[PDB]
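Read through the structure below, which is laid out as structure tokens, and then see the notes.
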Amino acid sequence: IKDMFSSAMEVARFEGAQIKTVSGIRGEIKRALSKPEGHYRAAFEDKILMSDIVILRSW
Amino acid sequence: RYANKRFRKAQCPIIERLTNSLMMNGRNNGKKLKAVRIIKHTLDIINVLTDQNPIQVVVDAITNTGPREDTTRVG
Amino acid sequence: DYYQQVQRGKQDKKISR
Amino acid sequence: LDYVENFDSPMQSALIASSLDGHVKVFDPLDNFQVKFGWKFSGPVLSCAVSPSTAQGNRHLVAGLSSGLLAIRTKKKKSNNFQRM
Amino acid sequence: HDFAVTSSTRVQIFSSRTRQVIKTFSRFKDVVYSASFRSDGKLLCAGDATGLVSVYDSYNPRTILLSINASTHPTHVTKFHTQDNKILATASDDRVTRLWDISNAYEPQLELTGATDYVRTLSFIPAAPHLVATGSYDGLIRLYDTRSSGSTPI
Amino acid sequence: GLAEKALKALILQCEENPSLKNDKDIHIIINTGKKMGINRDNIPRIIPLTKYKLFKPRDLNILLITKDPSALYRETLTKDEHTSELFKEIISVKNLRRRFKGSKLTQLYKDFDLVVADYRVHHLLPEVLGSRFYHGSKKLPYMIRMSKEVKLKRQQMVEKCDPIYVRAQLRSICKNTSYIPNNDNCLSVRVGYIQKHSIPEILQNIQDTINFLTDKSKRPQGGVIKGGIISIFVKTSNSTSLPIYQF
Amino acid sequence: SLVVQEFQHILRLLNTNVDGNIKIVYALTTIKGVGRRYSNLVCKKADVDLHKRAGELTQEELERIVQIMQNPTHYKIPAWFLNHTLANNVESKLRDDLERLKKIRXXXXXXXX
Amino acid sequence: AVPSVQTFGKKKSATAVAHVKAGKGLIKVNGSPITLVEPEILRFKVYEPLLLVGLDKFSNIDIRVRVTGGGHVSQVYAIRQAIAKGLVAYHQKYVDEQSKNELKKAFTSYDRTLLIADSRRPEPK
RNA sequence: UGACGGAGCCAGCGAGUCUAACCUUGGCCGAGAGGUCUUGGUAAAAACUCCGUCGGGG
């Protein structure tokens with residue numbers, strides 16, 4: 001998932017976070033992807049689309 | 001299969017047993033058709049130089065170079 | 001100074017719009 | 001010089017020789033080495049040789065000059081039921 | 001169907017029927033004087049100006065099969081024996097002719113010598129495989145018996 | 001009578017800004033009145049130059065993309081001494097897809113200056129040659145009729161190429177420029193090189209393109225613009241648009 | 001017993017020493033930048049045999065190669081056929097990005113001391 | 001009808017489906033003669049069932065062989081297997097039995113891998 | 001245990017209406033959201049066999 005976190009260090013403050021999507025599937029964000037500075041791998045419970053918009057709740 | 005029994009390795013026809021020892025390097029492991037193409041090119045050379053036979057020479061080569069008494073380390 | 005006069009012409013047309 | 005023997009020719013044994021004049025003359029040991037035929041090439045001729053007797057093709061007389069020239073000269077060389085009746 | 005032709009640093013192979021260059025040997029350093037074939041027909045010679053005869057198979061210009069470092073003087077004439085197909089004989093500018101057995105390209109089998117000046121031809125004789133006609137440049141065609149000591153002519 | 005003062009302001013500013021300094025072509029972009037009904041294929045329709053030239057074919061890195069068997073096209077083109085040095089690399093489609101995958105394709109975008117396919121494999125090419133070249137129309141692949149030989153229906157078309165004729169096509173495709181049709185009104189065509197030849201060379205080159213695109217005659221290649229051209233706009237790849245002939 | 005013929009080894013062409021005992025198609029390639037195919041064309045343009053050695057080629061035929069090689073465009077040569085200080089600032093930028101961020105978090109404060 | 005016999009030949013992951021029928025003496029592999037097999041050094045590895053028993057016994061028969069799977073070598077061990085099996089299973093069917101035991105004793109003394117698939121199933125020690 | 005260029009032929013797992021990029025100059029339409037076209041830059045079966053050619057590091 002791209003352009004939610006700016007740096008690879010910013011992801012590391014947030015790993016293990018219960019990400020959800022519009023479609024209603026859950027998941028977690030696990031490791032900061034390195035070779036681009038922003039992105040990260042995240043394991044959902046089922047196959048996310050391309051047309052789909054992940055949202056991480058926060059306070 | 002020549003690796004299974006202890007002395008099954010003897011009945012390999014030695015021309016193959018010479019090609020098998022040609023692919024001994026990490027640049028060369030698992031390339032037999034390169035090695036067979038060498039021997040068929042090598043056995044031609046032994047004819048052109050020494051008319052006799054290549055395969056009589058290869059047999060006569062192994063008879064000469066194999067040692068007769070080898071030395072071992074003792075405790 | 002003619003190029004910038006055109007360049008400001010198209011730019012000011014947007015901000016009028 | 002060159003010698004060739006027992007080939008398709010009226011002269012059995014041929015002896016050709018270069019003379020550094022372009023001048024290759026052909027001699028024969030059966031006829032007491034008398035002069036038989038002569039070519040003349042442009043510059044002086046160093047190497048000359050003939051195709052052997054076992055050639056079974058177009059022969060060659062290849063003579064080589066000092067000036068860089070090779071000079072090659074050569075002697076070149078219905079239906080089934082209708083056929084059952 | 002083929003004949004070799006020497007040049008400056010080049011032995012070419014022409015054809016019989018097409019009369020054009022089939023293959024070209026060019027790996028020589030300096031001028032190559034003589035290019036004979038063996039009586040078998042498989043494998044040809046070439047003697048250089050650096051004094052090395054480099055015998056290899058014909059129809060294959062990329063594999064110098066056997067590079068006999070002959071005399072340091074330039075070898076003019078390298079021929080194969082007509083009778084026995086594995087004994088080579090070269091000459092040199094060193095005024096010695098060397099009968100090379102190409103089982104052993106590192107030692108001459110016999111040093112055939114006694115020449116006064118510039119051997120630039122030798123040729124073998126059909127009835128005798130031991131006898132070798134060797135012509136100096138001083139005159140004086142030498143005749144040798146290679147089964148003898150050979151250092152003197154007969 | 002507005003052209004040169006518009007165009008002098010282009011070239012003068014082309015020297016000053018360093019971002020503007022890097023680009024080396026002059027486009028004219030034309031907003032015709034009605035929408036052009038032809039959709040965008042990537043078949044580049046070339047226009048003729050009546051007076052000047054744009055490039056001799058010995059000025060460009062030229063890639064040629066040919067068919068699969070490709071030995072009839074490799075060795076006829078090389079030896080026949082009209083096209084020995086004319087092509088930079090003769091490449092096969094089978095040897096294009098297999099060889100250049102991934103990030104080598106950006107280098108080949110940057111290595112060659114003008115790319116030309118055989119016409120009968122020009123359509124297969126946007127999957128092979130890649131989606132880099134189909135950003136605009138600089139390195140857009142031209143096609144050459146290889147053979148001077150027609151395919152009759154229910155008839156074997158023989159394979160044969162004659163390097164007089166493909167030399168003749170590259171001379172006819174490098175001296176003049178090329179447009180591409182769009183479903184909308186705005187289209188672009190390059191007019192001259194920024195330092196090969198100056199303003200009165202370009203100014204003659206302007207009036208040919210607006211004349212060839214307007215004629216009802218020469219129709220399948222020039223009969224595109226219907227009605228009247230509203231405006232033409234001189235600008236490079238990076239500069240702003242400079243108006244000329246506003247009606 | 002005379003015979004006569006038409007050799008000079010290492011020679012200087014365009015300030016470059018050209019080795020004599022090799023092919024001119026390859027002896028010209030030791031000059032900096034000129035391609036192998038570029039050395040292949042000029043021998044064709046100057047009507048010189050490709051497989052000659054460099055120790056041949058009289059000075060008549062040498063300068064005709066020189067006139068083509070230093071002036072290509074007058075001999076129908078195709079034009080294609082011719083031959084980090086922003087690191088150290090952004091390294092200083094990126095460590096100051098870390099060093100500020102080492103201050104804001106508490107755990108990263110133990111590093112440099 | 002037409003007398004045929006179908007035998008299989010199998011090395012690493014390559015099958016070999018050799019139809020053998022009475023005919024004139026052509027031997028095809030994948031719609032191509034057997035003198036055009038790819039690896040060009042191992043072409044005599046498939047001439048073994050031709051030349052071991054003698055080339056006369058192919059004068060009346062056809063050998064249509066088609067192969068898939070495997071590599072360059074491990075197909076050549078499949079066409080030498082299915083030609084040996086396809087020859088020795090035509091003499092027990094449509095020619096004489098004493099031919100077959102002459103063949104099956106000929107391929108055996110030379111190389112038994114021609115007939116039965118040498119399956120190199122694993123072993124745990 | 002080379003370098004290059006063609007030619008030759010060889011697999012086995014894999015098929016969720018799902019499989020996929022950024023940045024930029026410019027035109028036109030639209031009240032706007034945006035639409036559409038334009039433009040340049042940056043990322044992103046093999047070994048094997050056969051032929052042709054070749055013979056210190058930055």
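Residues in the structure tokens are numbered from 1 in each chain, the chains being A, B, ... in the order shown, and ligands are numbered from 1 in the order shown.
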
Each residue of chain D lying at most 9 Å from chain G should get a row with its shortest atom-to-atom pair and the distance in Å to one decimal, counting only C-alpha atoms; could you produce that, ordered by chain and increasing number, as a Markdown table?
| residue | atom | partner | partner_atom | distance |
| --- | --- | --- | --- | --- |
| D:20 | CA | G:3 | CA | 8.6 |
| D:44 | CA | G:3 | CA | 8.2 |
| D:66 | CA | G:5 | CA | 7.0 |
| D:67 | CA | G:5 | CA | 6.6 |
| D:68 | CA | G:5 | CA | 8.7 |

(message) Give me, as JSON, numbers by chain, all polymer residues having an atom no more than 8 Å from residue 52 in chain E, counting only C-alpha atoms (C1' of nucleotides) and skipping those fewer than 5 positions away in the same chain.
(response) {"E": [47, 67, 68, 69, 70, 71, 72, 74, 75]}

Could you please take those selected residues and save C-alpha atoms as a PDB file, in the first residue's frame?
ATOM      1  CA  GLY E  47      56.795 -22.115 -40.211  1.00  0.00           C
ATOM      2  CA  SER E  67      52.985 -25.140 -31.512  1.00  0.00           C
ATOM      3  CA  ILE E  68      56.501 -26.504 -31.933  1.00  0.00           C
ATOM      4  CA  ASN E  69      58.968 -23.915 -30.741  1.00  0.00           C
ATOM      5  CA  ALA E  70      61.747 -24.718 -33.206  1.00  0.00           C
ATOM      6  CA  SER E  71      65.002 -22.728 -33.517  1.00  0.00           C
ATOM      7  CA  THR E  72      65.253 -19.047 -32.693  1.00  0.00           C
ATOM      8  CA  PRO E  74      63.462 -18.269 -38.676  1.00  0.00           C
ATOM      9  CA  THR E  75      62.334 -21.654 -39.984  1.00  0.00           C
TER      10      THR E  75
END

(message) Show me, as an NGL selection string, the residues that have an atom within 9 Å of range 9-26 of chain A when counting only C-alpha atoms (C1' of nucleotides), minus same-chain residues fewer than 6 positions from it.
(response) :A and (32-33 or 37-40 or 42-46 or 48 or 52-57)

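The gap separating CA of residue 84 in chain H from CA of residue 52 in chain H is 9.9 Å, in Å to one decimal.
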
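Secondary structure of range 8-57 of chain A, helix (DSSP H, G or I) only (DSSP, backbone atoms): residues 8, 9, 10, 11 and 12 of chain A.
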
Could you dump the residues just selected with C-alpha atoms as a PDB file, in the first residue's frame?
ATOM      1  CA  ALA A   8      10.204   4.055   6.084  1.00  0.00           C
ATOM      2  CA  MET A   9      10.800   5.125   9.673  1.00  0.00           C
ATOM      3  CA  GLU A  10       7.246   6.416   9.998  1.00  0.00           C
ATOM      4  CA  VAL A  11       5.924   2.941   9.164  1.00  0.00           C
ATOM      5  CA  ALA A  12       8.027   1.410  11.925  1.00  0.00           C
TER       6      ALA A  12
END

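Take CA of residue 24 in chain G and CA of residue 28 in chain E: the distance between them is 15.9 Å.
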
(message) Which residues are close to residue 25 in chain H, i.e. within 12 Å by only C-alpha atoms (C1' of nucleotides), leaving aside same-chain residues fewer than 3 positions away? Reply as a ChimeraX atom specification.
(response) /H:20-22,28,33-34,50,55-64

Generate a file of the selected residues that holds C-alpha atoms, formatted as a short mmCIF file (atom, residue, chain, number, x, y, z; two decimals), in the first residue's frame.
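Below is the file that was written, out_4.cif:
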data_model
loop_
_atom_site.label_atom_id
_atom_site.label_comp_id
_atom_site.auth_asym_id
_atom_site.auth_seq_id
_atom_site.Cartn_x
_atom_site.Cartn_y
_atom_site.Cartn_z
CA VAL H 20 4.43 -49.15 -34.48
CA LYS H 21 2.57 -50.36 -37.55
CA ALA H 22 3.40 -52.54 -40.53
CA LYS H 28 9.61 -40.45 -37.58
CA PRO H 33 13.00 -38.22 -39.49
CA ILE H 34 15.19 -39.75 -36.82
CA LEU H 50 18.20 -49.44 -34.43
CA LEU H 55 18.56 -52.49 -39.16
CA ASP H 56 16.87 -55.23 -41.21
CA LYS H 57 14.05 -55.64 -38.69
CA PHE H 58 12.78 -52.12 -39.41
CA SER H 59 12.23 -52.80 -43.11
CA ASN H 60 8.53 -53.62 -42.84
CA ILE H 61 7.40 -51.39 -39.98
CA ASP H 62 6.70 -47.77 -39.18
CA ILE H 63 7.80 -46.07 -35.98
CA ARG H 64 5.77 -42.93 -35.32
#

(message) Please report the interatomic distance between CA of residue 21 in chain B and CA of residue 33 in chain B in Å with one decimal.
(response) 13.1 Å

(message) I'd like the neighbourhood of residue 223 in chain F as a list in words, where a residue qualifies if any of its atoms comes within 12 Å (using only C-alpha atoms (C1' of nucleotides)), though same-chain residues fewer than 3 positions away should be ignored.
(response) residues 36, 37, 38, 45, 47, 181, 209, 210, 211, 212, 213, 214, 215, 216, 217, 218, 219, 220, 226 and 227 of chain F

Writing out the chosen residues with C-alpha atoms as a PDB file, in the first residue's frame:
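And here is the file that came out, selection_24.pdb:
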ATOM      1  CA  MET F  36     -11.650  15.417 -35.080  1.00  0.00           C
ATOM      2  CA  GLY F  37     -13.644  12.240 -35.574  1.00  0.00           C
ATOM      3  CA  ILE F  38     -10.597  10.012 -36.014  1.00  0.00           C
ATOM      4  CA  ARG F  45       0.623   9.986 -40.642  1.00  0.00           C
ATOM      5  CA  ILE F  47       3.260  15.199 -44.051  1.00  0.00           C
ATOM      6  CA  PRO F 181      -4.808  12.113 -35.199  1.00  0.00           C
ATOM      7  CA  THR F 209       1.791  21.882 -42.371  1.00  0.00           C
ATOM      8  CA  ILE F 210      -1.252  24.109 -41.968  1.00  0.00           C
ATOM      9  CA  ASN F 211      -1.752  23.824 -45.728  1.00  0.00           C
ATOM     10  CA  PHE F 212      -1.383  20.045 -45.945  1.00  0.00           C
ATOM     11  CA  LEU F 213      -3.710  19.450 -43.005  1.00  0.00           C
ATOM     12  CA  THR F 214      -6.407  21.699 -44.487  1.00  0.00           C
ATOM     13  CA  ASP F 215      -6.752  20.491 -48.089  1.00  0.00           C
ATOM     14  CA  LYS F 216      -9.772  18.362 -48.948  1.00  0.00           C
ATOM     15  CA  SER F 217      -7.532  16.836 -51.593  1.00  0.00           C
ATOM     16  CA  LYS F 218      -4.704  14.548 -50.471  1.00  0.00           C
ATOM     17  CA  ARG F 219      -7.416  13.296 -48.173  1.00  0.00           C
ATOM     18  CA  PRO F 220      -6.418   9.994 -46.395  1.00  0.00           C
ATOM     19  CA  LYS F 226     -12.495  20.226 -41.207  1.00  0.00           C
ATOM     20  CA  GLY F 227     -13.733  23.779 -41.041  1.00  0.00           C
TER      21      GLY F 227
END

Would you list, as a PDB file with N, CA, C and O atoms, in the first residue's frame, the residues of chain D that end up in strand (DSSP E) under DSSP run on this structure's backbone?
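Heads up, here's the output in part06.pdb:
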ATOM      1  N   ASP D   2      58.045 -28.744 -59.299  1.00  0.00           N
ATOM      2  CA  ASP D   2      56.968 -29.650 -58.934  1.00  0.00           C
ATOM      3  C   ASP D   2      57.002 -30.868 -59.839  1.00  0.00           C
ATOM      4  O   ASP D   2      57.320 -30.759 -61.023  1.00  0.00           O
ATOM      5  N   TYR D   3      56.643 -32.020 -59.276  1.00  0.00           N
ATOM      6  CA  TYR D   3      56.565 -33.272 -60.016  1.00  0.00           C
ATOM      7  C   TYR D   3      55.230 -33.945 -59.764  1.00  0.00           C
ATOM      8  O   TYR D   3      54.812 -34.081 -58.611  1.00  0.00           O
ATOM      9  N   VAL D   4      54.582 -34.391 -60.834  1.00  0.00           N
ATOM     10  CA  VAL D   4      53.333 -35.132 -60.743  1.00  0.00           C
ATOM     11  C   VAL D   4      53.382 -36.233 -61.794  1.00  0.00           C
ATOM     12  O   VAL D   4      54.126 -36.131 -62.776  1.00  0.00           O
ATOM     13  N   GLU D   5      52.636 -37.310 -61.568  1.00  0.00           N
ATOM     14  CA  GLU D   5      52.877 -38.573 -62.247  1.00  0.00           C
ATOM     15  C   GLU D   5      51.576 -39.342 -62.379  1.00  0.00           C
ATOM     16  O   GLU D   5      50.781 -39.362 -61.440  1.00  0.00           O
ATOM     17  N   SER D  13      54.446 -38.117 -66.946  1.00  0.00           N
ATOM     18  CA  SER D  13      55.087 -37.509 -65.795  1.00  0.00           C
ATOM     19  C   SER D  13      55.500 -36.088 -66.132  1.00  0.00           C
ATOM     20  O   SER D  13      56.203 -35.856 -67.119  1.00  0.00           O
ATOM     21  N   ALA D  14      55.082 -35.146 -65.296  1.00  0.00           N
ATOM     22  CA  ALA D  14      55.236 -33.726 -65.555  1.00  0.00           C
ATOM     23  C   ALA D  14      56.206 -33.133 -64.557  1.00  0.00           C
ATOM     24  O   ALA D  14      56.174 -33.485 -63.375  1.00  0.00           O
ATOM     25  N   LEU D  15      57.053 -32.231 -65.027  1.00  0.00           N
ATOM     26  CA  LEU D  15      58.021 -31.557 -64.182  1.00  0.00           C
ATOM     27  C   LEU D  15      57.978 -30.078 -64.507  1.00  0.00           C
ATOM     28  O   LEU D  15      58.500 -29.659 -65.543  1.00  0.00           O
ATOM     29  N   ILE D  16      57.368 -29.284 -63.639  1.00  0.00           N
ATOM     30  CA  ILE D  16      57.264 -27.864 -63.929  1.00  0.00           C
ATOM     31  C   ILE D  16      58.232 -27.135 -63.022  1.00  0.00           C
ATOM     32  O   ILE D  16      58.583 -27.619 -61.944  1.00  0.00           O
ATOM     33  N   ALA D  17      58.710 -25.989 -63.488  1.00  0.00           N
ATOM     34  CA  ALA D  17      59.733 -25.250 -62.773  1.00  0.00           C
ATOM     35  C   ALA D  17      59.528 -23.763 -62.993  1.00  0.00           C
ATOM     36  O   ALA D  17      59.185 -23.332 -64.091  1.00  0.00           O
ATOM     37  N   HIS D  23      58.163 -17.215 -65.820  1.00  0.00           N
ATOM     38  CA  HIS D  23      58.305 -18.159 -66.910  1.00  0.00           C
ATOM     39  C   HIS D  23      58.325 -19.558 -66.325  1.00  0.00           C
ATOM     40  O   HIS D  23      59.366 -20.014 -65.847  1.00  0.00           O
ATOM     41  N   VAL D  24      57.182 -20.233 -66.368  1.00  0.00           N
ATOM     42  CA  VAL D  24      57.035 -21.598 -65.880  1.00  0.00           C
ATOM     43  C   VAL D  24      57.113 -22.526 -67.078  1.00  0.00           C
ATOM     44  O   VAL D  24      56.235 -22.498 -67.946  1.00  0.00           O
ATOM     45  N   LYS D  25      58.153 -23.341 -67.146  1.00  0.00           N
ATOM     46  CA  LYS D  25      58.262 -24.289 -68.240  1.00  0.00           C
ATOM     47  C   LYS D  25      58.065 -25.701 -67.725  1.00  0.00           C
ATOM     48  O   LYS D  25      58.357 -26.001 -66.565  1.00  0.00           O
ATOM     49  N   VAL D  26      57.545 -26.562 -68.597  1.00  0.00           N
ATOM     50  CA  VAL D  26      57.093 -27.900 -68.234  1.00  0.00           C
ATOM     51  C   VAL D  26      58.018 -28.917 -68.872  1.00  0.00           C
ATOM     52  O   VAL D  26      58.200 -28.918 -70.093  1.00  0.00           O
ATOM     53  N   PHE D  27      58.573 -29.800 -68.056  1.00  0.00           N
ATOM     54  CA  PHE D  27      59.563 -30.774 -68.484  1.00  0.00           C
ATOM     55  C   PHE D  27      59.027 -32.170 -68.194  1.00  0.00           C
ATOM     56  O   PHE D  27      58.028 -32.323 -67.486  1.00  0.00           O
ATOM     57  N   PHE D  37      56.311 -27.115 -72.735  1.00  0.00           N
ATOM     58  CA  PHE D  37      55.365 -26.013 -72.807  1.00  0.00           C
ATOM     59  C   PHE D  37      55.778 -24.942 -71.816  1.00  0.00           C
ATOM     60  O   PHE D  37      56.360 -25.237 -70.774  1.00  0.00           O
ATOM     61  N   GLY D  38      55.460 -23.700 -72.133  1.00  0.00           N
ATOM     62  CA  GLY D  38      55.862 -22.580 -71.300  1.00  0.00           C
ATOM     63  C   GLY D  38      54.803 -21.509 -71.177  1.00  0.00           C
ATOM     64  O   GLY D  38      54.225 -21.075 -72.168  1.00  0.00           O
ATOM     65  N   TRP D  39      54.559 -21.089 -69.942  1.00  0.00           N
ATOM     66  CA  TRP D  39      53.781 -19.899 -69.652  1.00  0.00           C
ATOM     67  C   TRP D  39      54.722 -18.751 -69.349  1.00  0.00           C
ATOM     68  O   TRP D  39      55.861 -18.967 -68.936  1.00  0.00           O
ATOM     69  N   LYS D  40      54.249 -17.528 -69.556  1.00  0.00           N
ATOM     70  CA  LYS D  40      54.962 -16.351 -69.091  1.00  0.00           C
ATOM     71  C   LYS D  40      54.024 -15.464 -68.294  1.00  0.00           C
ATOM     72  O   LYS D  40      53.021 -14.981 -68.827  1.00  0.00           O
ATOM     73  N   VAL D  45      58.187 -15.252 -60.848  1.00  0.00           N
ATOM     74  CA  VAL D  45      57.369 -16.282 -60.217  1.00  0.00           C
ATOM     75  C   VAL D  45      58.190 -17.011 -59.163  1.00  0.00           C
ATOM     76  O   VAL D  45      59.314 -17.455 -59.423  1.00  0.00           O
ATOM     77  N   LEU D  46      57.655 -17.089 -57.947  1.00  0.00           N
ATOM     78  CA  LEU D  46      58.371 -17.786 -56.891  1.00  0.00           C
ATOM     79  C   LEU D  46      57.825 -19.179 -56.637  1.00  0.00           C
ATOM     80  O   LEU D  46      58.563 -20.153 -56.724  1.00  0.00           O
ATOM     81  N   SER D  47      56.556 -19.307 -56.321  1.00  0.00           N
ATOM     82  CA  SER D  47      56.033 -20.614 -55.984  1.00  0.00           C
ATOM     83  C   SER D  47      55.124 -21.094 -57.094  1.00  0.00           C
ATOM     84  O   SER D  47      54.310 -20.326 -57.610  1.00  0.00           O
ATOM     85  N   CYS D  48      55.265 -22.363 -57.459  1.00  0.00           N
ATOM     86  CA  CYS D  48      54.406 -22.967 -58.462  1.00  0.00           C
ATOM     87  C   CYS D  48      54.150 -24.421 -58.117  1.00  0.00           C
ATOM     88  O   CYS D  48      55.058 -25.139 -57.698  1.00  0.00           O
ATOM     89  N   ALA D  49      52.903 -24.847 -58.285  1.00  0.00           N
ATOM     90  CA  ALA D  49      52.519 -26.213 -57.980  1.00  0.00           C
ATOM     91  C   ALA D  49      51.298 -26.589 -58.795  1.00  0.00           C
ATOM     92  O   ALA D  49      50.507 -25.731 -59.185  1.00  0.00           O
ATOM     93  N   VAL D  50      51.150 -27.885 -59.031  1.00  0.00           N
ATOM     94  CA  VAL D  50      50.078 -28.421 -59.856  1.00  0.00           C
ATOM     95  C   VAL D  50      49.224 -29.328 -58.980  1.00  0.00           C
ATOM     96  O   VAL D  50      49.688 -29.838 -57.956  1.00  0.00           O
ATOM     97  N   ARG D  59      41.656 -29.530 -62.851  1.00  0.00           N
ATOM     98  CA  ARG D  59      43.034 -29.353 -62.425  1.00  0.00           C
ATOM     99  C   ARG D  59      43.350 -27.886 -62.168  1.00  0.00           C
ATOM    100  O   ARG D  59      42.559 -26.982 -62.445  1.00  0.00           O
ATOM    101  N   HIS D  60      44.539 -27.657 -61.641  1.00  0.00           N
ATOM    102  CA  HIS D  60      45.039 -26.318 -61.399  1.00  0.00           C
ATOM    103  C   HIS D  60      46.524 -26.279 -61.679  1.00  0.00           C
ATOM    104  O   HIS D  60      47.241 -27.238 -61.396  1.00  0.00           O
ATOM    105  N   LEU D  61      46.974 -25.175 -62.246  1.00  0.00           N
ATOM    106  CA  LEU D  61      48.383 -24.820 -62.245  1.00  0.00           C
ATOM    107  C   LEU D  61      48.468 -23.468 -61.573  1.00  0.00           C
ATOM    108  O   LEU D  61      48.164 -22.442 -62.186  1.00  0.00           O
ATOM    109  N   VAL D  62      48.859 -23.476 -60.310  1.00  0.00           N
ATOM    110  CA  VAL D  62      48.868 -22.282 -59.491  1.00  0.00           C
ATOM    111  C   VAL D  62      50.303 -21.823 -59.374  1.00  0.00           C
ATOM    112  O   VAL D  62      51.148 -22.547 -58.839  1.00  0.00           O
ATOM    113  N   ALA D  63      50.579 -20.635 -59.884  1.00  0.00           N
ATOM    114  CA  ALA D  63      51.898 -20.048 -59.792  1.00  0.00           C
ATOM    115  C   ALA D  63      51.777 -18.728 -59.062  1.00  0.00           C
ATOM    116  O   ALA D  63      50.808 -17.990 -59.256  1.00  0.00           O
ATOM    117  N   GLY D  64      52.749 -18.450 -58.204  1.00  0.00           N
ATOM    118  CA  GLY D  64      52.712 -17.296 -57.333  1.00  0.00           C
ATOM    119  C   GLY D  64      53.849 -16.340 -57.647  1.00  0.00           C
ATOM    120  O   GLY D  64      55.002 -16.752 -57.782  1.00  0.00           O
ATOM    121  N   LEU D  65      53.508 -15.065 -57.751  1.00  0.00           N
ATOM    122  CA  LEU D  65      54.485 -14.077 -58.166  1.00  0.00           C
ATOM    123  C   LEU D  65      55.092 -13.382 -56.959  1.00  0.00           C
ATOM    124  O   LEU D  65      54.608 -13.499 -55.834  1.00  0.00           O
ATOM    125  N   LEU D  70      48.763 -14.156 -57.202  1.00  0.00           N
ATOM    126  CA  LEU D  70      48.554 -15.560 -57.519  1.00  0.00           C
ATOM    127  C   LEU D  70      48.004 -15.634 -58.930  1.00  0.00           C
ATOM    128  O   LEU D  70      47.227 -14.768 -59.340  1.00  0.00           O
ATOM    129  N   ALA D  71      48.402 -16.654 -59.670  1.00  0.00           N
ATOM    130  CA  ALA D  71      47.922 -16.852 -61.025  1.00  0.00           C
ATOM    131  C   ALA D  71      47.455 -18.287 -61.165  1.00  0.00           C
ATOM    132  O   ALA D  71      48.275 -19.206 -61.235  1.00  0.00           O
ATOM    133  N   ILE D  72      46.145 -18.476 -61.192  1.00  0.00           N
ATOM    134  CA  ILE D  72      45.530 -19.791 -61.254  1.00  0.00           C
ATOM    135  C   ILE D  72      45.051 -20.016 -62.676  1.00  0.00           C
ATOM    136  O   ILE D  72      44.385 -19.151 -63.251  1.00  0.00           O
ATOM    137  N   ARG D  73      45.378 -21.172 -63.244  1.00  0.00           N
ATOM    138  CA  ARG D  73      44.858 -21.600 -64.533  1.00  0.00           C
ATOM    139  C   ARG D  73      44.302 -23.007 -64.382  1.00  0.00           C
ATOM    140  O   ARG D  73      44.930 -23.852 -63.739  1.00  0.00           O
ATOM    141  N   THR D  74      43.122 -23.256 -64.955  1.00  0.00           N
ATOM    142  CA  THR D  74      42.378 -24.478 -64.682  1.00  0.00           C
ATOM    143  C   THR D  74      41.975 -25.170 -65.972  1.00  0.00           C
ATOM    144  O   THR D  74      41.730 -24.525 -66.990  1.00  0.00           O
ATOM    145  N   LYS D  75      41.871 -26.493 -65.897  1.00  0.00           N
ATOM    146  CA  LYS D  75      41.275 -27.313 -66.945  1.00  0.00           C
ATOM    147  C   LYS D  75      39.926 -27.788 -66.435  1.00  0.00           C
ATOM    148  O   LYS D  75      39.853 -28.772 -65.698  1.00  0.00           O
TER     149      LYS D  75
END

(request) Would you list the contacts of residue 32 in chain H as a list in words, taking every protein, DNA or RNA residue within 12 Å and counting only C-alpha atoms (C1' of nucleotides), but skipping same-chain residues closer than 6 positions in sequence? (result) residues 26, 38, 63, 64, 65, 66 and 67 of chain H

(request) Within 9 Å of chain C, which residues of chain F are there when counting only C-alpha atoms? Please give them as an MDAnalysis selection string. (result) chainID F and resid 5:6 9:10 13 240:243

Would you export the selected residues with C-alpha atoms as a short mmCIF file (atom, residue, chain, number, x, y, z; two decimals), in the first residue's frame, please?
data_model
loop_
_atom_site.label_atom_id
_atom_site.label_comp_id
_atom_site.auth_asym_id
_atom_site.auth_seq_id
_atom_site.Cartn_x
_atom_site.Cartn_y
_atom_site.Cartn_z
CA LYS F 5 8.48 38.36 -32.77
CA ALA F 6 6.61 35.44 -31.24
CA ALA F 9 10.84 35.51 -27.94
CA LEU F 10 10.85 31.71 -27.94
CA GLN F 13 14.05 32.59 -23.74
CA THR F 240 4.58 28.07 -22.65
CA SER F 241 2.33 28.52 -25.67
CA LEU F 242 2.87 31.59 -27.83
CA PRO F 243 -0.18 32.55 -29.91
#

(message) At a cut-off of 12 Å, which residues of chain I touch chain E? Count only C-alpha atoms (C1' of nucleotides) and give the answer as number ranges by chain.
(response) I: 53-55
